[PDB]
Amino acid sequence: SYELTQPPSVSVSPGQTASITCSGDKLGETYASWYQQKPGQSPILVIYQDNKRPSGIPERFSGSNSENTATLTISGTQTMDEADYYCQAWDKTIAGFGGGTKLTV
Amino acid sequence: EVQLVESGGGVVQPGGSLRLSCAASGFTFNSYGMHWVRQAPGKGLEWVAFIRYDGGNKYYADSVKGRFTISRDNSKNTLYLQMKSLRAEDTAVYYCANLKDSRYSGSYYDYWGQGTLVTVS
Amino acid sequence: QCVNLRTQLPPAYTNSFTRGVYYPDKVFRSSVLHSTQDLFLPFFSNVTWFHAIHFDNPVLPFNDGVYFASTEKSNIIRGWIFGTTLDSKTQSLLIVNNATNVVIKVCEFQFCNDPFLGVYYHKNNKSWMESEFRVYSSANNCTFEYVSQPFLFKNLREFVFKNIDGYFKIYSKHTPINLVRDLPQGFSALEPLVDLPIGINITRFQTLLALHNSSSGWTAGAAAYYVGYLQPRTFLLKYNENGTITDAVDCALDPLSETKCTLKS
Amino acid sequence: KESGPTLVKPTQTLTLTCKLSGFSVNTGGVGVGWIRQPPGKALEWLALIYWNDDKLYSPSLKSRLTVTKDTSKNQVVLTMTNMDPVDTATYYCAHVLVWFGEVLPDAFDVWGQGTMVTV
Amino acid sequence: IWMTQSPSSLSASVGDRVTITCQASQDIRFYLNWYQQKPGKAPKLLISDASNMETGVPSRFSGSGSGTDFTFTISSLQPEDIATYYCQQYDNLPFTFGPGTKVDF
Ligand SMILES: *[C@@H]1O[C@H](CO)[C@@H](O[C@@H]2O[C@H](CO)[C@@H](O[C@@H]3O[C@H](CO)[C@@H](O)[C@H](O)[C@@H]3O)[C@H](O)[C@H]2NC(C)=O)[C@H](O)[C@H]1NC(C)=O
Ligand SMILES: *[C@@H]1O[C@H](CO)[C@@H](O[C@@H]2O[C@H](CO)[C@@H](O)[C@H](O)[C@H]2NC(C)=O)[C@H](O)[C@H]1NC(C)=O
Ligand SMILES: *[C@@H]1O[C@H](CO)[C@@H](O[C@@H]2O[C@H](CO)[C@@H](O)[C@H](O)[C@H]2NC(C)=O)[C@H](O)[C@H]1NC(C)=O
Ligand SMILES: *[C@@H]1O[C@H](CO)[C@@H](O)[C@H](O)[C@H]1NC(C)=O
Ligand SMILES: *[C@@H]1O[C@H](CO)[C@@H](O)[C@H](O)[C@H]1NC(C)=O
Ligand SMILES: *[C@@H]1O[C@H](CO)[C@@H](O)[C@H](O)[C@H]1NC(C)=O
Ligand SMILES: *[C@@H]1O[C@H](CO)[C@@H](O)[C@H](O)[C@H]1NC(C)=O
Ligand SMILES: *[C@@H]1O[C@H](CO)[C@@H](O)[C@H](O)[C@H]1NC(C)=O
């Protein structure tokens, strides 16, 4: 699988900006995506192709991909956003996921 | 860049004949049909003749039918009008043109020449 | 949906040689010289050479039928618009290829000022994905719809478009070419592709390209195509042992060809 | 929507089925992938199938994975063989976005609910 | 097909609204051209297909109508709009031009 590295957690207060990052070797050469997951639930795609939101995803979400590091940003983080965030990327059609970052609000 | 240049005008006697020509350049001449239009001094526009792109079918106005002949040569990009049995009433400035026409020519562009004067006296 | 986007250059011409021949009907023949009269591209005629990207894609006359050819590998050319006034006043024929299929519709389309399909590219230059369809602003009063499989060294693609007694007939051929910027000198007949019972008049047509949005505006790769016109001429077609046309004589080309057609040589 | 057996023995073959709606499995541009997630662990890619019947598998599991699709019922079926106790995980199906120029995978947007499998 | 125009001539000042009527002896649907001719020059096409504006033609020009009755309008006459206007049919050969309407200052 494709190697992806994430911090174990991010700690913010509600209303603050969250910063969740993911790094790799070829991450900046491809397209990154991010998922939001809660225990007992499927992951939800929030960001695809580096900085595009799927329809239905809150404007709180934004991101970028540079220097082989992808970032997910949540503006005005809500307690409803308290979830484990994962990064995803492909390498020559081979999948890979990051460890997952626990966001505490 | 698109040009149409008429030549062959001048003064002729009644019952005589005159051959006009129009040199085309700047566009795909051999893809379009062509029209002749004339305008006498002090008068409005009058349509004379039409020829299809392949030089096949030809059409004439009733006032010139039987006297005028329309032709073209696509290897030289030249349009011709051969007029016989010219009358005093035929005095006019003759134009070659590519008229915009969504039914017969399929032309999306409208081009006009300069106009050459033909006088019968 | 529509986007407002143009410099026009004088035309270039090429030699059609002996190309533009197609199977006149669906009857099998073999080991025979068959004489037929139909609309064919005249031998050694002058064919107009267009460059979509030097940017404009002009509306052309249809006349009595069109020979169309292209040599591009980027899949920039997607389809064609055929009609008369090319607006909501009359029915128009829209033939467009996309990522997986081809869609043919006849409707009272209200076309954009400069219609196209929008695409975008991957981080690399070997992959793309569709963006938006920006050909027309509206369509109503639809009378015909057809869906099938896509129609579209270098790859040479040739098409013939005819409209007889209400039937819009398409012929095509796809062959490899090893030339940089010209038409090949040789012989290959085009085969029937589709026959559409539409029943409308066509006097003008336009080519639809797939464009991407760059920092300099909407653009595309070096797409180019050739346009010729058919004429009512007599051809002698040579069918080989396997029933394939391998040669042809244009009986109106010259006295030599007239002799060959007369003597069936 | 994932369904199928929830409890299997070691060295057994498991078949799971994903029911899709809102689109047909025969529509161009459509793909379906399978992902598993062991308790407390990150997502692991298993395999994906495209509308054109092309398929990709994760090299470490490929030898024990088969993916097929039912073109009449609009369903996708995953089979995994010789499962070990360590293969206990929640299985998910999701729609796969794909590039058209070169057939490269993109992202998983529409997800099911997840079915828990104990070996 | 016979063509006629009315009035034969009119005059108006700058800013005035000018309308020209064109009629046909036969129903020609929407296949009519409008031309503008200035003395010493070839006619220029302004409108085709009854109401379709040509590229480069000022928005102050417009037209409409069908069948046997067509109208050409200048919403705000300019000092440069002093010309003879003609209507022309191309529904059936032979083609004809109308008498021509003279617009003065
Ligand atoms: C390329 O062209 C094909 C053919 O037109 C496109 O497939 C068509 O996509 C439309 C939706 O835009 C489908 O219409 C829908 O069908 C469902 C049936 O469940 C119906 O409930 C909807 O209300 C709507 O009518 C159409 O059936 C479908 N046709 C085929 C043969 O698949 C395709 O999406 C285009 N784009 C790409 C990337 O392929
Ligand atoms: C295709 O176009 C070329 C010109 O680009 C034509 O060649 C000219 O033909 C005229 C008339 O015979 C000669 O006077 C010129 O000297 C020729 N020029 C050249 C460079 O040869 C050619 O005849 C056209 N062919 C067809 C079928 O229209
Ligand atoms: C399609 O074009 C044909 C001409 O090829 C049109 O037929 C003409 O229609 C007019 C008006 O009724 C007649 O006066 C002509 O005599 C017809 N010509 C021929 C050869 O039949 C036909 O009407 C056009 N179709 C549409 C919908 O406009
Ligand atoms: C293009 O410009 C014309 C004015 O010349 C305007 O009427 C039309 O709405 C514009 N279309 C778009 C898509 O901007
Ligand atoms: C894609 O093309 C651009 C030039 O437009 C070039 O800079 C870039 O390196 C190319 N990328 C690949 C993978 O070829
Ligand atoms: C075309 O559709 C319009 C509605 O948009 C309708 O009013 C008109 O009568 C229809 N014409 C024909 C010939 O169907
Ligand atoms: C195309 O790119 C330009 C420049 O970034 C941008 O202003 C414009 O909105 C873009 N158009 C579309 C449809 O994305
Ligand atoms: C006909 O096809 C056969 C192959 O079945 C081939 O060997 C033969 O050469 C072909 N004949 C011709 C004239 O192409």
# chains A, B, ... in the order shown; residues from 1 in each chain; ligands from 1

call {"tool": "residues_near_ligand", "arguments": {"ligand": "ligand 4", "cutoff": "10 Å", "atoms": "only C-alpha atoms and all ligand atoms", "output": "list in words"}}
result
residues 1, 2, 3, 4, 5, 112, 113, 114, 134 and 137 of chain C; 53, 54, 55, 56, 57, 58 and 59 of chain E

call {"tool": "write_last_selection", "arguments": {"atoms": "N, CA and C atoms", "output": "mmCIF file, in the first residue's frame"}}
result
data_model
loop_
_atom_site.group_PDB
_atom_site.id
_atom_site.type_symbol
_atom_site.label_atom_id
_atom_site.label_comp_id
_atom_site.auth_asym_id
_atom_site.auth_seq_id
_atom_site.Cartn_x
_atom_site.Cartn_y
_atom_site.Cartn_z
ATOM 1 N N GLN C 1 -24.204 28.511 -18.360
ATOM 2 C CA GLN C 1 -23.633 27.377 -19.079
ATOM 3 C C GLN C 1 -22.741 27.838 -20.237
ATOM 4 N N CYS C 2 -23.281 28.703 -21.108
ATOM 5 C CA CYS C 2 -22.551 29.217 -22.260
ATOM 6 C C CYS C 2 -21.423 30.152 -21.831
ATOM 7 N N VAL C 3 -20.309 30.090 -22.549
ATOM 8 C CA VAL C 3 -19.157 30.950 -22.296
ATOM 9 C C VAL C 3 -18.788 31.764 -23.537
ATOM 10 N N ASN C 4 -18.653 33.083 -23.362
ATOM 11 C CA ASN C 4 -18.261 33.979 -24.437
ATOM 12 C C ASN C 4 -16.739 33.969 -24.611
ATOM 13 N N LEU C 5 -16.283 33.590 -25.807
ATOM 14 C CA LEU C 5 -14.860 33.462 -26.117
ATOM 15 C C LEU C 5 -14.467 34.463 -27.195
ATOM 16 N N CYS C 112 -24.963 27.857 -28.015
ATOM 17 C CA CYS C 112 -24.107 28.908 -27.470
ATOM 18 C C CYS C 112 -23.380 29.656 -28.591
ATOM 19 N N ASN C 113 -22.877 30.847 -28.277
ATOM 20 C CA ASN C 113 -22.178 31.668 -29.265
ATOM 21 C C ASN C 113 -20.923 30.981 -29.787
ATOM 22 N N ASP C 114 -20.301 30.173 -28.939
ATOM 23 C CA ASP C 114 -19.116 29.420 -29.314
ATOM 24 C C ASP C 114 -19.053 28.143 -28.482
ATOM 25 N N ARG C 134 -21.192 22.417 -22.384
ATOM 26 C CA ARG C 134 -21.495 23.813 -22.685
ATOM 27 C C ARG C 134 -21.726 24.030 -24.177
ATOM 28 N N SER C 137 -27.768 26.299 -24.635
ATOM 29 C CA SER C 137 -28.396 26.867 -23.448
ATOM 30 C C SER C 137 -29.731 26.205 -23.140
ATOM 31 N N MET E 53 -28.913 39.051 -34.964
ATOM 32 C CA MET E 53 -27.966 40.147 -35.122
ATOM 33 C C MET E 53 -26.606 39.625 -35.551
ATOM 34 N N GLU E 54 -25.957 40.338 -36.466
ATOM 35 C CA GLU E 54 -24.621 39.955 -36.899
ATOM 36 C C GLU E 54 -23.573 40.411 -35.897
ATOM 37 N N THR E 55 -22.421 39.758 -35.923
ATOM 38 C CA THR E 55 -21.342 40.099 -35.013
ATOM 39 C C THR E 55 -20.780 41.473 -35.341
ATOM 40 N N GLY E 56 -20.634 42.308 -34.318
ATOM 41 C CA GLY E 56 -20.071 43.640 -34.492
ATOM 42 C C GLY E 56 -21.145 44.712 -34.643
ATOM 43 N N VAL E 57 -22.399 44.295 -34.772
ATOM 44 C CA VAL E 57 -23.496 45.246 -34.912
ATOM 45 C C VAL E 57 -23.910 45.788 -33.539
ATOM 46 N N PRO E 58 -23.945 47.116 -33.360
ATOM 47 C CA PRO E 58 -24.321 47.812 -32.143
ATOM 48 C C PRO E 58 -25.673 47.348 -31.618
ATOM 49 N N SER E 59 -25.786 47.281 -30.295
ATOM 50 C CA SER E 59 -26.979 46.774 -29.620
ATOM 51 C C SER E 59 -28.205 47.656 -29.824
#

call {"tool": "interface_residues", "arguments": {"of": "chain E", "to": "chain C", "cutoff": "10 Å", "atoms": "only C-alpha atoms", "output": "ChimeraX atom specification"}}
result
/E:30-31,48-49,52

call {"tool": "residues_near_ligand", "arguments": {"ligand": "ligand 6", "cutoff": "12 Å", "atoms": "only C-alpha atoms and all ligand atoms", "output": "PyMOL selection string"}}
result
chain C and resi 88-91+107-110+138-143

call {"tool": "residues_near_ligand", "arguments": {"ligand": "ligand 3", "cutoff": "12 Å", "atoms": "only C-alpha atoms and all ligand atoms", "output": "PyMOL selection string"}}
result
(chain B and resi 102-105) or (chain C and resi 63-64+83-85+89-92+163-166+198-203) or (chain E and resi 1+26-31+90-93)

call {"tool": "write_last_selection", "arguments": {"atoms": "N, CA, C and O atoms", "output": "compact mmCIF listing (two decimals), in the first residue's frame"}}
result
# COMPACT_ATOMS: atom_id res chain seq x y z
N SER B 102 -29.15 30.98 -45.48
CA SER B 102 -29.27 29.74 -44.71
C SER B 102 -30.13 28.69 -45.40
O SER B 102 -30.46 27.67 -44.80
N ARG B 103 -30.53 28.94 -46.65
CA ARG B 103 -31.37 27.99 -47.36
C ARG B 103 -30.71 27.41 -48.61
O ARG B 103 -30.82 26.21 -48.87
N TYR B 104 -30.07 28.26 -49.41
CA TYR B 104 -29.53 27.79 -50.68
C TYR B 104 -28.01 27.69 -50.70
O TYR B 104 -27.46 26.74 -51.25
N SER B 105 -27.33 28.68 -50.14
CA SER B 105 -25.87 28.69 -50.21
C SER B 105 -25.22 28.05 -48.99
O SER B 105 -24.15 27.44 -49.10
N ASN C 63 -23.30 22.00 -48.26
CA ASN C 63 -23.50 21.72 -49.67
C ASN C 63 -24.24 20.40 -49.88
O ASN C 63 -25.33 20.22 -49.34
N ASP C 64 -23.67 19.49 -50.66
CA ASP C 64 -24.35 18.24 -50.97
C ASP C 64 -23.76 17.05 -50.24
O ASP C 64 -24.07 15.91 -50.55
N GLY C 83 -27.23 21.69 -39.22
CA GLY C 83 -28.54 22.34 -39.27
C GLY C 83 -28.59 23.47 -40.29
O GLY C 83 -27.84 23.48 -41.26
N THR C 84 -29.51 24.40 -40.07
CA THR C 84 -29.71 25.53 -40.97
C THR C 84 -29.42 26.85 -40.27
O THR C 84 -28.32 27.39 -40.37
N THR C 85 -30.41 27.36 -39.53
CA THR C 85 -30.25 28.61 -38.80
C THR C 85 -29.47 28.38 -37.50
O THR C 85 -28.97 29.33 -36.89
N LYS C 89 -35.18 28.37 -33.85
CA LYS C 89 -36.21 28.48 -34.88
C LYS C 89 -36.45 27.16 -35.63
O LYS C 89 -37.54 26.93 -36.14
N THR C 90 -35.41 26.33 -35.73
CA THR C 90 -35.53 25.10 -36.50
C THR C 90 -34.93 23.91 -35.77
O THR C 90 -34.18 24.08 -34.80
N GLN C 91 -35.21 22.71 -36.25
CA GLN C 91 -34.60 21.51 -35.68
C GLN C 91 -33.16 21.38 -36.14
O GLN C 91 -32.84 21.63 -37.30
N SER C 92 -32.29 20.97 -35.22
CA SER C 92 -30.88 20.76 -35.54
C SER C 92 -30.41 19.41 -35.04
O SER C 92 -30.95 18.86 -34.07
N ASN C 163 -26.81 13.42 -46.72
CA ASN C 163 -28.20 13.59 -46.31
C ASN C 163 -29.14 13.42 -47.49
O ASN C 163 -29.37 14.35 -48.26
N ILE C 164 -29.63 12.20 -47.68
CA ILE C 164 -30.44 11.88 -48.85
C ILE C 164 -31.81 11.34 -48.48
O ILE C 164 -31.94 10.34 -47.77
N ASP C 165 -32.84 12.00 -48.98
CA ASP C 165 -34.23 11.61 -48.75
C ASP C 165 -34.55 11.49 -47.27
O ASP C 165 -35.32 10.63 -46.85
N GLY C 166 -33.97 12.39 -46.47
CA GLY C 166 -34.25 12.44 -45.05
C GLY C 166 -33.32 11.56 -44.22
O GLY C 166 -33.35 11.62 -42.98
N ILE C 198 -33.91 10.78 -39.88
CA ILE C 198 -34.22 12.03 -39.19
C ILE C 198 -35.23 12.91 -39.93
O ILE C 198 -36.17 13.41 -39.31
N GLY C 199 -35.03 13.13 -41.22
CA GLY C 199 -35.96 13.92 -42.02
C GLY C 199 -35.84 15.44 -41.88
O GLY C 199 -36.85 16.14 -41.93
N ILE C 200 -34.62 15.97 -41.72
CA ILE C 200 -34.46 17.43 -41.62
C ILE C 200 -33.47 17.95 -42.67
O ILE C 200 -32.67 17.19 -43.20
N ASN C 201 -33.55 19.27 -42.93
CA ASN C 201 -32.62 19.95 -43.84
C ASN C 201 -31.34 20.35 -43.14
O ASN C 201 -31.37 20.85 -42.00
N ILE C 202 -30.20 20.18 -43.82
CA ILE C 202 -28.88 20.61 -43.35
C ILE C 202 -28.20 21.46 -44.41
O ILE C 202 -28.04 21.02 -45.55
N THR C 203 -27.79 22.67 -44.04
CA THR C 203 -27.09 23.54 -44.98
C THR C 203 -25.75 24.00 -44.43
O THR C 203 -24.87 24.40 -45.20
N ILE E 1 -41.75 36.62 -55.77
CA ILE E 1 -42.08 37.28 -54.51
C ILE E 1 -41.77 38.78 -54.62
O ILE E 1 -40.63 39.16 -54.87
N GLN E 26 -45.69 37.24 -50.40
CA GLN E 26 -45.80 35.83 -50.05
C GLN E 26 -45.22 35.58 -48.67
O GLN E 26 -44.36 36.32 -48.20
N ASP E 27 -45.68 34.52 -48.02
CA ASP E 27 -45.16 34.13 -46.72
C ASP E 27 -43.75 33.57 -46.85
O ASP E 27 -43.54 32.54 -47.50
N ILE E 28 -42.79 34.27 -46.26
CA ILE E 28 -41.39 33.87 -46.34
C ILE E 28 -40.85 33.54 -44.95
O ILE E 28 -39.65 33.63 -44.70
N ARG E 29 -41.76 33.16 -44.06
CA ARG E 29 -41.40 32.74 -42.71
C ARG E 29 -40.41 33.71 -42.07
O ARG E 29 -40.77 34.85 -41.77
N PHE E 30 -39.20 33.25 -41.80
CA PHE E 30 -38.21 34.07 -41.12
C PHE E 30 -36.92 34.16 -41.92
O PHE E 30 -35.83 34.25 -41.36
N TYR E 31 -37.04 34.15 -43.24
CA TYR E 31 -35.86 34.19 -44.10
C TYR E 31 -35.71 35.54 -44.79
O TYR E 31 -35.94 35.66 -46.00
N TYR E 90 -34.77 35.57 -49.01
CA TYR E 90 -34.03 34.44 -49.56
C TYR E 90 -34.75 33.13 -49.30
O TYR E 90 -34.11 32.10 -49.07
N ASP E 91 -36.07 33.17 -49.33
CA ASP E 91 -36.88 31.98 -49.16
C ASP E 91 -36.91 31.19 -50.46
O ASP E 91 -36.75 29.97 -50.46
N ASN E 92 -37.10 31.90 -51.57
CA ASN E 92 -37.19 31.27 -52.88
C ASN E 92 -36.45 32.05 -53.95
O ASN E 92 -36.56 33.28 -54.01
N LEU E 93 -35.73 31.34 -54.81
CA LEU E 93 -35.11 31.95 -55.97
C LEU E 93 -36.17 32.26 -57.02
O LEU E 93 -37.12 31.49 -57.18

call {"tool": "residues_near_ligand", "arguments": {"ligand": "ligand 8", "cutoff": "6 Å", "atoms": "only C-alpha atoms and all ligand atoms", "output": "list in words"}}
result
residues 240, 241 and 242 of chain C

call {"tool": "residues_around", "arguments": {"residues": "stretch 6-20 of chain E", "least_positions_apart": "6", "cutoff": "10 Å", "atoms": "only C-alpha atoms", "output": "PDB file with C-alpha atoms, in the first residue's frame"}}
result
ATOM      1  CA  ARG E  60     -29.114  49.773 -30.580  1.00  0.00           C
ATOM      2  CA  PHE E  61     -30.135  47.863 -33.710  1.00  0.00           C
ATOM      3  CA  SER E  62     -32.893  45.264 -33.577  1.00  0.00           C
ATOM      4  CA  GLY E  63     -35.574  43.578 -35.649  1.00  0.00           C
ATOM      5  CA  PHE E  70     -41.200  42.506 -40.722  1.00  0.00           C
ATOM      6  CA  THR E  71     -39.903  45.454 -38.687  1.00  0.00           C
ATOM      7  CA  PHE E  72     -36.457  47.040 -38.393  1.00  0.00           C
ATOM      8  CA  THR E  73     -35.771  49.320 -35.429  1.00  0.00           C
ATOM      9  CA  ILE E  74     -33.103  51.740 -34.246  1.00  0.00           C
ATOM     10  CA  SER E  75     -33.713  52.425 -30.550  1.00  0.00           C
ATOM     11  CA  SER E  76     -31.624  55.611 -30.517  1.00  0.00           C
ATOM     12  CA  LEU E  77     -30.629  57.122 -33.846  1.00  0.00           C
ATOM     13  CA  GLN E  78     -26.990  58.178 -34.076  1.00  0.00           C
ATOM     14  CA  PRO E  79     -25.438  60.749 -36.495  1.00  0.00           C
ATOM     15  CA  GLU E  80     -23.608  57.814 -38.102  1.00  0.00           C
ATOM     16  CA  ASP E  81     -26.848  55.935 -38.855  1.00  0.00           C
ATOM     17  CA  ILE E  82     -27.842  58.060 -41.830  1.00  0.00           C
ATOM     18  CA  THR E  84     -30.602  53.683 -46.927  1.00  0.00           C
ATOM     19  CA  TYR E  85     -31.969  50.472 -45.445  1.00  0.00           C
ATOM     20  CA  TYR E  86     -33.043  47.510 -47.575  1.00  0.00           C
ATOM     21  CA  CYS E  87     -34.910  44.277 -46.844  1.00  0.00           C
ATOM     22  CA  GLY E  98     -37.100  45.956 -51.501  1.00  0.00           C
ATOM     23  CA  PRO E  99     -37.242  49.597 -52.778  1.00  0.00           C
ATOM     24  CA  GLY E 100     -35.062  50.874 -49.933  1.00  0.00           C
ATOM     25  CA  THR E 101     -35.947  53.276 -47.116  1.00  0.00           C
ATOM     26  CA  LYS E 102     -34.004  56.510 -46.831  1.00  0.00           C
ATOM     27  CA  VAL E 103     -33.323  57.766 -43.317  1.00  0.00           C
ATOM     28  CA  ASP E 104     -32.263  61.403 -43.055  1.00  0.00           C
ATOM     29  CA  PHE E 105     -30.934  63.450 -40.101  1.00  0.00           C
TER      30      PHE E 105
END

call {"tool": "residues_around", "arguments": {"residues": "residue B:75", "least_positions_apart": "6", "cutoff": "10 Å", "atoms": "only C-alpha atoms", "output": "JSON, numbers by chain"}}
result
{"B": [29, 30], "C": [46]}

call {"tool": "write_last_selection", "arguments": {"atoms": "N, CA and C atoms", "output": "PDB file, in the first residue's frame"}}
result
ATOM      1  N   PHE B  29     -13.145  30.030 -51.796  1.00  0.00           N
ATOM      2  CA  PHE B  29     -14.032  30.370 -52.904  1.00  0.00           C
ATOM      3  C   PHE B  29     -14.782  29.163 -53.450  1.00  0.00           C
ATOM      4  N   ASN B  30     -14.090  28.039 -53.597  1.00  0.00           N
ATOM      5  CA  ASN B  30     -14.672  26.865 -54.241  1.00  0.00           C
ATOM      6  C   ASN B  30     -15.666  26.123 -53.350  1.00  0.00           C
TER       7      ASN B  30
ATOM      8  N   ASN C  46      -8.779  19.926 -54.205  1.00  0.00           N
ATOM      9  CA  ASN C  46      -8.192  20.760 -53.149  1.00  0.00           C
ATOM     10  C   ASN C  46      -9.063  20.748 -51.892  1.00  0.00           C
TER      11      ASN C  46
END

call {"tool": "residues_around", "arguments": {"residues": "stretch 72-79 of chain A", "least_positions_apart": "4", "cutoff": "10 Å", "atoms": "only C-alpha atoms", "output": "ChimeraX atom specification"}}
result
/A:12-22,33-35,46-47,50-51,58-65,83,85-87,103-105

call {"tool": "residues_around", "arguments": {"residues": "residue A:42", "least_positions_apart": "3", "cutoff": "9 Å", "atoms": "only C-alpha atoms", "output": "JSON, numbers by chain"}}
result
{"A": [36, 37, 38, 39], "D": [92, 111, 112, 113, 114]}

call {"tool": "interface_residues", "arguments": {"of": "chain B", "to": "chain C", "cutoff": "9 Å", "atoms": "only C-alpha atoms", "output": "compact mmCIF listing (two decimals) with C-alpha atoms, in the first residue's frame"}}
result
# COMPACT_ATOMS: atom_id res chain seq x y z
CA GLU B 1 -7.99 39.74 -45.69
CA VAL B 2 -11.09 38.77 -47.74
CA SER B 25 -9.14 35.70 -52.50
CA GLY B 26 -8.79 35.28 -48.73
CA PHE B 27 -11.47 32.59 -48.44
CA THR B 28 -12.48 29.14 -49.66
CA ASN B 30 -14.67 26.87 -54.24
CA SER B 31 -16.86 26.04 -51.23
CA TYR B 32 -19.38 28.85 -51.72
CA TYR B 53 -20.33 26.11 -55.64
CA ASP B 54 -19.68 23.35 -58.19
CA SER B 102 -29.27 29.74 -44.71
CA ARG B 103 -31.37 27.99 -47.36
CA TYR B 104 -29.53 27.79 -50.68
CA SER B 105 -25.87 28.69 -50.21
CA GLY B 106 -25.25 27.70 -46.58
CA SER B 107 -23.16 30.84 -46.14
CA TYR B 108 -22.50 32.16 -42.64
CA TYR B 109 -20.54 35.19 -43.83

call {"tool": "residues_near_ligand", "arguments": {"ligand": "ligand 7", "cutoff": "12 Å", "atoms": "only C-alpha atoms and all ligand atoms", "output": "PyMOL selection string"}}
result
chain C and resi 1-5+116-120+131-134+211-219

call {"tool": "residues_near_ligand", "arguments": {"ligand": "ligand 5", "cutoff": "8 Å", "atoms": "only C-alpha atoms and all ligand atoms", "output": "PyMOL selection string"}}
result
chain C and resi 123-126

call {"tool": "residues_near_ligand", "arguments": {"ligand": "ligand 2", "cutoff": "8 Å", "atoms": "only C-alpha atoms and all ligand atoms", "output": "list in words"}}
result
residues 74, 75 and 76 of chain B; 13, 14, 15, 43, 44, 45 and 46 of chain C

call {"tool": "write_last_selection", "arguments": {"atoms": "N, CA, C and O atoms", "output": "tab-separated table (two decimals), in the first residue's frame"}}
result
chain	number	residue	atom	x	y	z
B	74	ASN	N	-13.11	27.45	-60.68
B	74	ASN	CA	-12.65	27.27	-59.31
B	74	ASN	C	-11.15	27.04	-59.21
B	74	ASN	O	-10.60	27.01	-58.11
B	75	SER	N	-10.47	26.88	-60.34
B	75	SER	CA	-9.03	26.68	-60.30
B	75	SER	C	-8.30	28.02	-60.34
B	75	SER	O	-7.08	28.08	-60.14
B	76	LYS	N	-9.04	29.09	-60.62
B	76	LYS	CA	-8.47	30.42	-60.72
B	76	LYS	C	-9.14	31.37	-59.72
B	76	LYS	O	-8.81	32.55	-59.66
C	13	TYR	N	-4.49	24.66	-48.18
C	13	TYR	CA	-5.07	23.58	-48.96
C	13	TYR	C	-4.14	22.38	-49.08
C	13	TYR	O	-2.92	22.54	-49.13
C	14	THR	N	-4.73	21.19	-49.18
C	14	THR	CA	-3.97	19.97	-49.39
C	14	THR	C	-4.55	19.15	-50.54
C	14	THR	O	-5.64	19.45	-51.04
C	15	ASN	N	-3.83	18.11	-50.95
C	15	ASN	CA	-4.22	17.26	-52.07
C	15	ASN	C	-4.93	16.00	-51.58
C	15	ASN	O	-4.35	15.20	-50.83
C	43	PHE	N	-11.29	13.11	-57.40
C	43	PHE	CA	-9.88	12.79	-57.27
C	43	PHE	C	-9.00	14.02	-57.46
C	43	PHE	O	-9.27	14.87	-58.32
C	44	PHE	N	-7.97	14.11	-56.64
C	44	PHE	CA	-6.98	15.17	-56.67
C	44	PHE	C	-7.57	16.56	-56.44
C	44	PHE	O	-6.96	17.56	-56.81
C	45	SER	N	-8.72	16.62	-55.78
C	45	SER	CA	-9.32	17.90	-55.44
C	45	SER	C	-8.54	18.61	-54.33
C	45	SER	O	-7.77	17.97	-53.60
C	46	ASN	N	-8.78	19.93	-54.21
C	46	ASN	CA	-8.19	20.76	-53.15
C	46	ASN	C	-9.06	20.75	-51.89
C	46	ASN	O	-10.22	21.17	-51.92

call {"tool": "atom_distance", "arguments": {"atom1": "atom CA of residue D:99", "atom2": "atom CA of residue C:146"}}
result
25.5 Å

call {"tool": "select_by_dssp", "arguments": {"residues": "chain D", "states": "helix (DSSP H, G or I)", "output": "mmCIF file with N, CA, C and O atoms, in the first residue's frame"}}
result
data_model
loop_
_atom_site.group_PDB
_atom_site.id
_atom_site.type_symbol
_atom_site.label_atom_id
_atom_site.label_comp_id
_atom_site.auth_asym_id
_atom_site.auth_seq_id
_atom_site.Cartn_x
_atom_site.Cartn_y
_atom_site.Cartn_z
ATOM 1 N N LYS D 62 -4.557 -9.899 -2.824
ATOM 2 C CA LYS D 62 -5.084 -10.278 -4.134
ATOM 3 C C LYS D 62 -5.281 -11.780 -4.289
ATOM 4 O O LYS D 62 -6.267 -12.224 -4.875
ATOM 5 N N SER D 63 -4.339 -12.566 -3.781
ATOM 6 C CA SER D 63 -4.372 -14.012 -3.974
ATOM 7 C C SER D 63 -5.589 -14.672 -3.330
ATOM 8 O O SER D 63 -5.917 -15.816 -3.648
ATOM 9 N N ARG D 64 -6.244 -13.967 -2.411
ATOM 10 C CA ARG D 64 -7.398 -14.517 -1.712
ATOM 11 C C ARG D 64 -8.669 -13.703 -1.952
ATOM 12 O O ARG D 64 -9.667 -13.888 -1.259
ATOM 13 N N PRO D 85 -8.230 -15.501 11.674
ATOM 14 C CA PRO D 85 -8.730 -14.741 12.810
ATOM 15 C C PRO D 85 -8.350 -13.260 12.727
ATOM 16 O O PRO D 85 -9.107 -12.391 13.164
ATOM 17 N N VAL D 86 -7.195 -12.975 12.131
ATOM 18 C CA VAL D 86 -6.709 -11.603 12.005
ATOM 19 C C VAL D 86 -7.480 -10.808 10.953
ATOM 20 O O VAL D 86 -7.290 -9.599 10.820
ATOM 21 N N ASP D 87 -8.339 -11.488 10.201
ATOM 22 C CA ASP D 87 -9.117 -10.848 9.148
ATOM 23 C C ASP D 87 -10.452 -10.334 9.679
ATOM 24 O O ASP D 87 -11.284 -9.849 8.911
#
